[PDB]
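Everything on this sheet refers to the single structure shown next.
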Amino acid sequence: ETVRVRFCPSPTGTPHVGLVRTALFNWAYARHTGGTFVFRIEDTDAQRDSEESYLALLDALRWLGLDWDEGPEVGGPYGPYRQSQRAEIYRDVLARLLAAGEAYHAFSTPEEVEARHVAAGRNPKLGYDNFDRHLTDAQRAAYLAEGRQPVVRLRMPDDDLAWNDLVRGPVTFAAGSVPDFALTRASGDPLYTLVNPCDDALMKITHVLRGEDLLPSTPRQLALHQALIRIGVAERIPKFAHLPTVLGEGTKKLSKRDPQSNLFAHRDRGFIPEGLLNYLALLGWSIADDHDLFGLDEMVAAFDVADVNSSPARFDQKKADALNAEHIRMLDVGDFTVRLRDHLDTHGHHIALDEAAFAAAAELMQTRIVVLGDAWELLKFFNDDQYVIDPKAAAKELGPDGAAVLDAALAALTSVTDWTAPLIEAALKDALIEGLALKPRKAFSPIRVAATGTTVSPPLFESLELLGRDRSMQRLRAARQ
């Protein structure tokens, strides 16, 4: 205590599920511990789609129910929260590192390092060789008079580089194996190698939780974090927590070009935020050994990032859909109906039932869909303008024996006093099973097609009710021929 974690993407492209898990895992850990969840935009390197992506990231976080405590809109005591608005801070902090002799200006060309390696017998493949450490003030001034644009490098300590990862356990880099690293470009502008730990340090981050594709960076940042305390910019080093990389369909990383990495594809299909949050949570974590179905409140009580496994998680759409279905099934019918109706509408797929008739239809669909979008195909027969008898269904059901069936059905239905599913059922059973003596599945099949256009449909008798006497009869009579 008090825990401060951070979600700090670059604004490029739609938020991917791997990145959103990181978001989720920090939000849960903050919320678990009584801590603070900091939202920092890493937009020093602005690309064209950057506002498109910024807007996309906040929408992801706001759809899924993940507020931030400090960041965009809300502010905080440690701002600004856009890296692009902190250029002054980096330059100052670079000034102090330099003055302290924690960092130094380097002038070496890669050809010059290469030749030194060559001269040494060493392989050039090795990185920077720390040469520029010992430059004379004469050598420095000379370079500047030549027009050489130095970059700023951090002086690494000379001992073993290690930390105890919260997920991976102890990780060690050999002493002297990681070269003094660039903090700026030739232009003078700070790199991620400076801005990331500088901001973590200054925003007082206590725990870093991030994809393990960043792991290598960590001994540089610990080295930087250590200088920052010496210079008085910080007083603590954060703990690191490297989260398992999410796998695709081959044992490679889940691709950005692969549709299932895209958060909004899931949303577009009709994932509800509850289903996707439960899923994403299981990407490197279990809540218990006896179950994997939980809401967000149960997640927050239970989540500690030390139980995250270093074993790679594979994305399982079947598992995802399965969780979404149970979450759909878990909503109270009022909430679900308003979610179903809005999904459909805002997709141009408005079902032409009134508020009460739709409510009935939605109650039938709650247990028959894996996603919200599944409804369109099940329900669109309620729309006169979407009605189409499917070629296969009319060929199989609406032939020779279809005639007596539709004839008998039409006969039975015309005397149904109150048009209600029980009485429709009671009439249709008496005329078709009892009367014509066929198996229910063969008695009701062509009736299904006449009313719905297809061979798979919501409960048939409820469907006939919602459709009204008039349209049922109308559809059945036209179906004969």
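Lettering and numbering for the structure tokens are positional, with chains as A, B, ... in the shown order, residues counted from 1 in each chain, and ligands counted from 1 in the shown order.
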Q.
Applying 10 Å and only C-alpha atoms, which residues near residue 315 in chain A remain after dropping the ones on its own chain fewer than 2 positions away? List them as a PyMOL selection string.
A. chain A and resi 17-18+246-249+254+260-261+279-280+282-283+312-313+317-320
Mind running range 91-193 of chain A against range 40-61 of chain A at 12 Å and telling me each contacting residue's nearest atom pair with the distance in Å (one decimal), counting only C-alpha atoms, chain and number ascending, as JSON lines?
{"residue": "A:189", "atom": "CA", "partner": "A:44", "partner_atom": "CA", "distance": 9.2}
{"residue": "A:190", "atom": "CA", "partner": "A:44", "partner_atom": "CA", "distance": 8.7}
{"residue": "A:191", "atom": "CA", "partner": "A:44", "partner_atom": "CA", "distance": 8.6}
{"residue": "A:192", "atom": "CA", "partner": "A:44", "partner_atom": "CA", "distance": 8.7}
Per residue of range 178-211 of chain A within 12 Å of range 26-37 of chain A, note the shortest atom pair and the distance in Å to one decimal, counting only C-alpha atoms, and order the rows by chain and increasing residue number, as a Markdown table.
| residue | atom | partner | partner_atom | distance |
| --- | --- | --- | --- | --- |
| A:203 | CA | A:36 | CA | 10.7 |
| A:204 | CA | A:36 | CA | 10.3 |
| A:205 | CA | A:36 | CA | 9.1 |
| A:206 | CA | A:35 | CA | 9.8 |
| A:207 | CA | A:26 | CA | 9.0 |
| A:208 | CA | A:26 | CA | 8.6 |
| A:209 | CA | A:26 | CA | 6.7 |
| A:210 | CA | A:26 | CA | 8.8 |
| A:211 | CA | A:26 | CA | 11.6 |
Next, dump the selected residues to file, keeping only N, CA, C and O atoms, as a compact mmCIF listing (two decimals), in the first residue's frame.
# COMPACT_ATOMS: atom_id res chain seq x y z
N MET A 203 5.02 9.39 -11.50
CA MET A 203 3.63 9.09 -11.18
C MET A 203 3.53 8.10 -10.04
O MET A 203 2.45 7.61 -9.71
N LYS A 204 4.69 7.79 -9.45
CA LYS A 204 4.81 6.98 -8.24
C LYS A 204 4.19 5.60 -8.41
O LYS A 204 3.45 5.12 -7.54
N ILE A 205 4.51 4.94 -9.53
CA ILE A 205 3.99 3.61 -9.79
C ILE A 205 4.73 2.60 -8.89
O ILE A 205 5.94 2.69 -8.72
N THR A 206 4.00 1.69 -8.27
CA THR A 206 4.56 0.75 -7.29
C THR A 206 4.63 -0.65 -7.89
O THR A 206 5.41 -1.50 -7.43
N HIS A 207 3.82 -0.89 -8.92
CA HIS A 207 3.77 -2.20 -9.56
C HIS A 207 3.56 -2.06 -11.07
O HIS A 207 2.57 -1.49 -11.52
N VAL A 208 4.50 -2.60 -11.84
CA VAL A 208 4.38 -2.62 -13.29
C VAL A 208 3.92 -3.98 -13.79
O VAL A 208 4.59 -4.99 -13.57
N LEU A 209 2.77 -4.00 -14.47
CA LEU A 209 2.22 -5.25 -14.99
C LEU A 209 1.96 -5.15 -16.49
O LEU A 209 1.08 -4.41 -16.93
N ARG A 210 2.74 -5.90 -17.26
CA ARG A 210 2.81 -5.70 -18.70
C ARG A 210 3.18 -6.99 -19.43
O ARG A 210 3.81 -7.88 -18.85
N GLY A 211 2.79 -7.09 -20.69
CA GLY A 211 3.19 -8.21 -21.53
C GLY A 211 4.65 -8.56 -21.36
O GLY A 211 5.48 -7.70 -21.08
Could you list, as a PDB file with N, CA and C atoms, in the first residue's frame, every residue within 12 Å of residue 338 in chain A, counting only C-alpha atoms and ignoring same-chain residues fewer than 5 positions away?
ATOM      1  N   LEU A 331     -28.414 -12.489 -16.931  1.00  0.00           N
ATOM      2  CA  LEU A 331     -29.042 -11.168 -16.788  1.00  0.00           C
ATOM      3  C   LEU A 331     -30.522 -11.323 -16.453  1.00  0.00           C
ATOM      4  N   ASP A 332     -31.070 -10.371 -15.702  1.00  0.00           N
ATOM      5  CA  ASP A 332     -32.517 -10.345 -15.544  1.00  0.00           C
ATOM      6  C   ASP A 332     -33.152  -9.879 -16.853  1.00  0.00           C
ATOM      7  N   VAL A 333     -34.341 -10.394 -17.135  1.00  0.00           N
ATOM      8  CA  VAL A 333     -34.950 -10.269 -18.452  1.00  0.00           C
ATOM      9  C   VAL A 333     -35.193  -8.834 -18.904  1.00  0.00           C
ATOM     10  N   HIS A 343     -28.924  -3.702 -29.576  1.00  0.00           N
ATOM     11  CA  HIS A 343     -27.950  -4.329 -30.478  1.00  0.00           C
ATOM     12  C   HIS A 343     -28.546  -4.372 -31.884  1.00  0.00           C
ATOM     13  N   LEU A 344     -29.691  -5.039 -32.004  1.00  0.00           N
ATOM     14  CA  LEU A 344     -30.432  -5.167 -33.237  1.00  0.00           C
ATOM     15  C   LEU A 344     -30.669  -3.844 -33.952  1.00  0.00           C
ATOM     16  N   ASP A 345     -31.321  -2.887 -33.268  1.00  0.00           N
ATOM     17  CA  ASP A 345     -31.587  -1.546 -33.809  1.00  0.00           C
ATOM     18  C   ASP A 345     -30.336  -0.869 -34.343  1.00  0.00           C
ATOM     19  N   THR A 346     -29.318  -0.761 -33.491  1.00  0.00           N
ATOM     20  CA  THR A 346     -28.155   0.025 -33.840  1.00  0.00           C
ATOM     21  C   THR A 346     -27.342  -0.701 -34.904  1.00  0.00           C
ATOM     22  N   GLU A 355     -43.445  -3.192 -28.008  1.00  0.00           N
ATOM     23  CA  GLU A 355     -42.641  -3.309 -26.779  1.00  0.00           C
ATOM     24  C   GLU A 355     -42.917  -4.548 -25.935  1.00  0.00           C
ATOM     25  N   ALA A 356     -44.168  -5.000 -25.913  1.00  0.00           N
ATOM     26  CA  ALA A 356     -44.553  -6.184 -25.148  1.00  0.00           C
ATOM     27  C   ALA A 356     -44.315  -7.475 -25.932  1.00  0.00           C
ATOM     28  N   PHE A 358     -42.107  -7.839 -28.336  1.00  0.00           N
ATOM     29  CA  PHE A 358     -40.663  -7.995 -28.414  1.00  0.00           C
ATOM     30  C   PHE A 358     -40.097  -8.589 -27.138  1.00  0.00           C
ATOM     31  N   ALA A 359     -40.605  -8.112 -26.001  1.00  0.00           N
ATOM     32  CA  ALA A 359     -40.217  -8.616 -24.682  1.00  0.00           C
ATOM     33  C   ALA A 359     -40.402 -10.120 -24.588  1.00  0.00           C
ATOM     34  N   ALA A 362     -37.743 -11.786 -26.779  1.00  0.00           N
ATOM     35  CA  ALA A 362     -36.435 -11.651 -26.128  1.00  0.00           C
ATOM     36  C   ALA A 362     -36.269 -12.647 -25.003  1.00  0.00           C
ATOM     37  N   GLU A 363     -37.375 -12.951 -24.328  1.00  0.00           N
ATOM     38  CA  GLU A 363     -37.375 -13.947 -23.257  1.00  0.00           C
ATOM     39  C   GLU A 363     -37.122 -15.342 -23.809  1.00  0.00           C
ATOM     40  N   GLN A 366     -33.186 -15.475 -24.891  1.00  0.00           N
ATOM     41  CA  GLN A 366     -32.157 -15.361 -23.848  1.00  0.00           C
ATOM     42  C   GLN A 366     -31.353 -16.635 -23.615  1.00  0.00           C
ATOM     43  N   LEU A 372     -25.414 -11.604 -28.814  1.00  0.00           N
ATOM     44  CA  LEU A 372     -26.567 -10.734 -29.077  1.00  0.00           C
ATOM     45  C   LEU A 372     -27.001 -10.707 -30.544  1.00  0.00           C
TER      46      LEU A 372
END
Q.
Please identify the strand (DSSP E) residues within range 31-186 of chain A (assignment by DSSP from backbone atoms) and present them as a PyMOL selection string.
A. chain A and resi 36-39+103-106+151-154+161-165+169-173+181-182
Generate a file of the selected residues that holds C-alpha atoms, formatted as an mmCIF file, in the first residue's frame.
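Contents of part.cif, freshly written:
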data_model
loop_
_atom_site.group_PDB
_atom_site.id
_atom_site.type_symbol
_atom_site.label_atom_id
_atom_site.label_comp_id
_atom_site.auth_asym_id
_atom_site.auth_seq_id
_atom_site.Cartn_x
_atom_site.Cartn_y
_atom_site.Cartn_z
ATOM 1 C CA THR A 36 -4.944 3.541 -7.880
ATOM 2 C CA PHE A 37 -5.312 2.751 -11.590
ATOM 3 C CA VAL A 38 -3.471 5.299 -13.723
ATOM 4 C CA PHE A 39 -4.279 5.861 -17.396
ATOM 5 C CA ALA A 103 24.324 9.713 -17.995
ATOM 6 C CA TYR A 104 26.701 10.977 -20.682
ATOM 7 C CA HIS A 105 26.651 12.303 -24.246
ATOM 8 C CA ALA A 106 27.695 9.670 -26.784
ATOM 9 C CA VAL A 151 22.578 10.942 -27.933
ATOM 10 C CA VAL A 152 22.278 10.643 -24.151
ATOM 11 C CA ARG A 153 23.178 7.241 -22.651
ATOM 12 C CA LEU A 154 22.641 5.913 -19.135
ATOM 13 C CA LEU A 161 21.063 -7.159 -13.210
ATOM 14 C CA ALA A 162 18.159 -8.816 -11.458
ATOM 15 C CA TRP A 163 14.623 -8.589 -10.124
ATOM 16 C CA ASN A 164 11.992 -10.864 -8.675
ATOM 17 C CA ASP A 165 9.150 -10.891 -11.187
ATOM 18 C CA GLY A 169 9.986 -15.208 -10.242
ATOM 19 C CA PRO A 170 13.669 -14.295 -10.247
ATOM 20 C CA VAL A 171 15.225 -13.159 -13.549
ATOM 21 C CA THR A 172 18.938 -12.349 -13.787
ATOM 22 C CA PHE A 173 21.101 -10.725 -16.449
ATOM 23 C CA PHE A 181 21.548 2.475 -23.348
ATOM 24 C CA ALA A 182 20.365 5.463 -25.402
#
Q. Which of these, A:187, A:108, A:463, A:226, has the shortest distance to residue 135 in chain A once you count only C-alpha atoms?
A. A:108
Q.
If we count only C-alpha atoms and set the cut-off at 12 Å, which residues sit around residue 131 in chain A, ignoring sequence neighbours fewer than 6 positions away in its own chain? Please answer as a PyMOL selection string.
A. chain A and resi 104-110+112-117+153+155+179-180
Neighbouring residues of residue 325 in chain A were defined as those with any atom within 12 Å, considering only C-alpha atoms; residues of the same chain fewer than 3 positions away were excluded. Please report them as a PDB file with N, CA and C atoms, in the first residue's frame.
ATOM      1  N   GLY A 270     -21.951  -9.312 -30.575  1.00  0.00           N
ATOM      2  CA  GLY A 270     -22.893  -9.370 -29.470  1.00  0.00           C
ATOM      3  C   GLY A 270     -22.317 -10.035 -28.238  1.00  0.00           C
ATOM      4  N   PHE A 271     -21.024  -9.826 -28.005  1.00  0.00           N
ATOM      5  CA  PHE A 271     -20.447 -10.075 -26.686  1.00  0.00           C
ATOM      6  C   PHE A 271     -20.956  -8.994 -25.757  1.00  0.00           C
ATOM      7  N   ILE A 272     -21.371  -9.375 -24.561  1.00  0.00           N
ATOM      8  CA  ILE A 272     -21.729  -8.390 -23.572  1.00  0.00           C
ATOM      9  C   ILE A 272     -20.476  -8.162 -22.715  1.00  0.00           C
ATOM     10  N   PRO A 273     -20.344  -6.974 -22.089  1.00  0.00           N
ATOM     11  CA  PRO A 273     -19.117  -6.681 -21.356  1.00  0.00           C
ATOM     12  C   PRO A 273     -18.828  -7.703 -20.267  1.00  0.00           C
ATOM     13  N   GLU A 274     -19.869  -8.280 -19.653  1.00  0.00           N
ATOM     14  CA  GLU A 274     -19.706  -9.302 -18.609  1.00  0.00           C
ATOM     15  C   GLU A 274     -19.004 -10.570 -19.108  1.00  0.00           C
ATOM     16  N   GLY A 275     -19.383 -11.007 -20.307  1.00  0.00           N
ATOM     17  CA  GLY A 275     -18.863 -12.223 -20.924  1.00  0.00           C
ATOM     18  C   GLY A 275     -17.423 -12.072 -21.334  1.00  0.00           C
ATOM     19  N   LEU A 276     -17.112 -10.941 -21.960  1.00  0.00           N
ATOM     20  CA  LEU A 276     -15.731 -10.641 -22.379  1.00  0.00           C
ATOM     21  C   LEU A 276     -14.806 -10.369 -21.178  1.00  0.00           C
ATOM     22  N   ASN A 278     -15.083 -11.747 -18.223  1.00  0.00           N
ATOM     23  CA  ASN A 278     -14.891 -13.048 -17.563  1.00  0.00           C
ATOM     24  C   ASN A 278     -13.861 -13.786 -18.413  1.00  0.00           C
ATOM     25  N   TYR A 279     -14.013 -13.649 -19.715  1.00  0.00           N
ATOM     26  CA  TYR A 279     -13.104 -14.393 -20.565  1.00  0.00           C
ATOM     27  C   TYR A 279     -11.710 -13.845 -20.400  1.00  0.00           C
ATOM     28  N   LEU A 293     -16.536 -19.348 -13.913  1.00  0.00           N
ATOM     29  CA  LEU A 293     -17.608 -18.415 -14.214  1.00  0.00           C
ATOM     30  C   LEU A 293     -17.819 -17.453 -13.055  1.00  0.00           C
ATOM     31  N   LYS A 318     -14.636 -20.862 -28.529  1.00  0.00           N
ATOM     32  CA  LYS A 318     -15.671 -21.729 -27.953  1.00  0.00           C
ATOM     33  C   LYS A 318     -15.834 -21.431 -26.466  1.00  0.00           C
ATOM     34  N   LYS A 319     -14.716 -21.347 -25.753  1.00  0.00           N
ATOM     35  CA  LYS A 319     -14.739 -21.020 -24.335  1.00  0.00           C
ATOM     36  C   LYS A 319     -15.296 -19.614 -24.132  1.00  0.00           C
ATOM     37  N   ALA A 320     -14.842 -18.662 -24.958  1.00  0.00           N
ATOM     38  CA  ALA A 320     -15.348 -17.271 -24.923  1.00  0.00           C
ATOM     39  C   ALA A 320     -16.863 -17.197 -25.089  1.00  0.00           C
ATOM     40  N   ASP A 321     -17.365 -17.753 -26.198  1.00  0.00           N
ATOM     41  CA  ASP A 321     -18.809 -17.794 -26.509  1.00  0.00           C
ATOM     42  C   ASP A 321     -19.633 -18.440 -25.401  1.00  0.00           C
ATOM     43  N   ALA A 322     -19.149 -19.591 -24.926  1.00  0.00           N
ATOM     44  CA  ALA A 322     -19.729 -20.333 -23.806  1.00  0.00           C
ATOM     45  C   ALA A 322     -19.894 -19.465 -22.573  1.00  0.00           C
ATOM     46  N   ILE A 328     -25.146 -13.942 -20.650  1.00  0.00           N
ATOM     47  CA  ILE A 328     -26.428 -13.583 -21.250  1.00  0.00           C
ATOM     48  C   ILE A 328     -27.582 -14.220 -20.451  1.00  0.00           C
ATOM     49  N   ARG A 329     -27.467 -15.521 -20.188  1.00  0.00           N
ATOM     50  CA  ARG A 329     -28.452 -16.252 -19.397  1.00  0.00           C
ATOM     51  C   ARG A 329     -28.623 -15.733 -17.976  1.00  0.00           C
ATOM     52  N   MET A 330     -27.569 -15.093 -17.462  1.00  0.00           N
ATOM     53  CA  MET A 330     -27.502 -14.600 -16.093  1.00  0.00           C
ATOM     54  C   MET A 330     -28.171 -13.248 -15.863  1.00  0.00           C
ATOM     55  N   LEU A 331     -28.414 -12.489 -16.931  1.00  0.00           N
ATOM     56  CA  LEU A 331     -29.042 -11.168 -16.788  1.00  0.00           C
ATOM     57  C   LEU A 331     -30.522 -11.323 -16.453  1.00  0.00           C
ATOM     58  N   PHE A 336     -31.638  -7.618 -20.157  1.00  0.00           N
ATOM     59  CA  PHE A 336     -31.346  -8.332 -21.420  1.00  0.00           C
ATOM     60  C   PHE A 336     -32.163  -7.834 -22.616  1.00  0.00           C
ATOM     61  N   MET A 365     -35.341 -15.867 -26.678  1.00  0.00           N
ATOM     62  CA  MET A 365     -33.967 -15.813 -27.198  1.00  0.00           C
ATOM     63  C   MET A 365     -32.861 -15.829 -26.134  1.00  0.00           C
ATOM     64  N   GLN A 366     -33.186 -15.475 -24.891  1.00  0.00           N
ATOM     65  CA  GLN A 366     -32.157 -15.361 -23.848  1.00  0.00           C
ATOM     66  C   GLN A 366     -31.353 -16.635 -23.615  1.00  0.00           C
ATOM     67  N   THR A 367     -31.973 -17.784 -23.896  1.00  0.00           N
ATOM     68  CA  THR A 367     -31.374 -19.089 -23.603  1.00  0.00           C
ATOM     69  C   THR A 367     -31.031 -19.839 -24.885  1.00  0.00           C
ATOM     70  N   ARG A 368     -31.155 -19.151 -26.019  1.00  0.00           N
ATOM     71  CA  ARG A 368     -30.975 -19.776 -27.328  1.00  0.00           C
ATOM     72  C   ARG A 368     -29.867 -19.115 -28.142  1.00  0.00           C
ATOM     73  N   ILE A 369     -29.235 -18.106 -27.549  1.00  0.00           N
ATOM     74  CA  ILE A 369     -28.136 -17.390 -28.196  1.00  0.00           C
ATOM     75  C   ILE A 369     -26.806 -17.450 -27.430  1.00  0.00           C
ATOM     76  N   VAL A 370     -25.699 -17.526 -28.167  1.00  0.00           N
ATOM     77  CA  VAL A 370     -24.384 -17.347 -27.561  1.00  0.00           C
ATOM     78  C   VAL A 370     -23.981 -15.860 -27.573  1.00  0.00           C
ATOM     79  N   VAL A 371     -24.378 -15.132 -28.624  1.00  0.00           N
ATOM     80  CA  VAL A 371     -24.155 -13.683 -28.710  1.00  0.00           C
ATOM     81  C   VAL A 371     -25.436 -12.917 -29.045  1.00  0.00           C
ATOM     82  N   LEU A 372     -25.414 -11.604 -28.814  1.00  0.00           N
ATOM     83  CA  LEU A 372     -26.567 -10.734 -29.077  1.00  0.00           C
ATOM     84  C   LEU A 372     -27.001 -10.707 -30.544  1.00  0.00           C
ATOM     85  N   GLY A 373     -26.025 -10.803 -31.451  1.00  0.00           N
ATOM     86  CA  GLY A 373     -26.298 -10.800 -32.893  1.00  0.00           C
ATOM     87  C   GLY A 373     -27.035 -12.019 -33.419  1.00  0.00           C
ATOM     88  N   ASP A 374     -26.939 -13.118 -32.683  1.00  0.00           N
ATOM     89  CA  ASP A 374     -27.609 -14.364 -33.020  1.00  0.00           C
ATOM     90  C   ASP A 374     -29.111 -14.167 -33.220  1.00  0.00           C
TER      91      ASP A 374
END
Q.
Nearest residue to residue 299 in chain A out of A:24, A:19, A:457, A:224, using only C-alpha atoms?
A.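 Checking each candidate against residue 299 in chain A, we get A:24 as the closest.
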Q) Within 12 Å of residue 384 in chain A, counting only C-alpha atoms, which residues qualify if same-chain residues fewer than 2 places away don't, as a list in words? A)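 Listed by chain and then number, they are residues 350, 351, 352, 353, 379, 380, 381, 382, 386, 387, 388, 389, 451, 452, 453, 467, 471, 472, 474 and 475 of chain A.
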Q | Residue among A:75, A:295, A:127, A:157 lying closest to residue 176 in chain A, counting only C-alpha atoms | A |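 Closest residue, counting only C-alpha atoms: A:157.
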